[PDB]
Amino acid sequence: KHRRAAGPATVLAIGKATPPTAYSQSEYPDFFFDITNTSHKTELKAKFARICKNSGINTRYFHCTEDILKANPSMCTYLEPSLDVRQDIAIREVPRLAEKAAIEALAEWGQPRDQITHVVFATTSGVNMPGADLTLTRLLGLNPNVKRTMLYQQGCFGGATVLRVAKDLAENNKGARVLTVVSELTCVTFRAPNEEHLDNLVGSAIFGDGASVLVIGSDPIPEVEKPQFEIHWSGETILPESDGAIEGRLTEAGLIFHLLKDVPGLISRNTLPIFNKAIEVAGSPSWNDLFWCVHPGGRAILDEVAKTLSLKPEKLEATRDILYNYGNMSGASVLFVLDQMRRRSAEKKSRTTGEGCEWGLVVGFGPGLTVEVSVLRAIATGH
């Protein structure tokens, strides 16, 4: 009577959404220091400007516009009490941004909403009871019986996480269709620049708002449903020597990231084992024969990953595309990358959804120094 699915969990649709208001990175330091009332801190502003100009970012999207920010002035200070107003905005907007991306994902998938059986929802911005997962269930009018997995305060590796979570949901339940969600806003982290914490200058320069939604299921219906990628393996690891490397603390002033180690370095030195464990399911191809969906944590980390593995510059283009066009959207970013990977393959008429490569890796990293990896099989395009 309990029946399992037959095949691997398959990505059947990918939808995305951002807040409407776009911010050009070149104009951002001006905007930022003006609205936070810190433009008199000349040498701080020259540091942010150089971080911005080297971020590999062209455009970011923010729900919290100048009107929203001036209506909540505590968010425009450095560390004055502000949690309550950041919470009010995030609890309301995080599931609504998800709804928009979901609408698109549900449309591409093309099946009735009542065949969605599970919901997985990850976010790093705000926490509430009931969760964003339940609210999203109401907004979309999903079946009241959906089995929900709500992942609060998940972190930048959250996009890889929901793939791992959805994998087992899809594979262990015949006919299960999983609405797989990551929705991130910067309203819990946004704050005035300050000398006492120069690592916030990076976060302020790279983080933007975004959400992505997938439909994942095993045993896709031929002709009716359209496979994009198959998840063949998910795993994670806690990196060696990485205790306290990134701390994320939710305080009365909102969410603050405290760093105490070499993270760009730590990541490039220690991902070789889990990477090697992962690709084994793929018959261990070489690094340049894999397609790559890496969390665009920063242009520098990407640069380090490429040098460590001697990647051809073409390998991380889909990843850099997202970084360029959207910035670092925390957990959602790598799911945007996955969308971009299939789109690039459509534009170029590649032989697979992995721009011609047969296998690829989805890679997230974040607190604890957690590295999350899924191994994906690309789907033949017919071109």
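Residue indices: 1-based, along the sequence shown.
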Hey, which bit's got the bigger mean C-alpha B factor in the entry, 254-262 or 182-190?
-> 254-262
Out of 320-328 and 50-58, which one has CA B-factors that are higher on average in the deposited record?
-> 50-58
In terms of CA temperature factor as recorded, identify the highest of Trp109, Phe157, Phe275, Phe291.
-> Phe275
Of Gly235, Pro130, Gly208, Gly298, which one's C-alpha B factor is largest in the deposited record?
-> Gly298
If you rank the chain by CA B-factor, which third does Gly217 end up in: lowest, middle or highest?
-> lowest
Ordered by C-alpha B-factor within the chain, which third holds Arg377? Give me lowest, middle or highest, please.
-> lowest
Please rank the C-alpha B-factors of the chain's modelled residues and tell me whether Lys226 sits in the lowest, middle or highest third.
-> middle
What third of the chain, by the recorded C-alpha B-factor, contains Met341?
-> middle
Please rank the C-alpha B-factors of the chain's modelled residues and tell me whether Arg92 sits in the lowest, middle or highest third.
-> middle
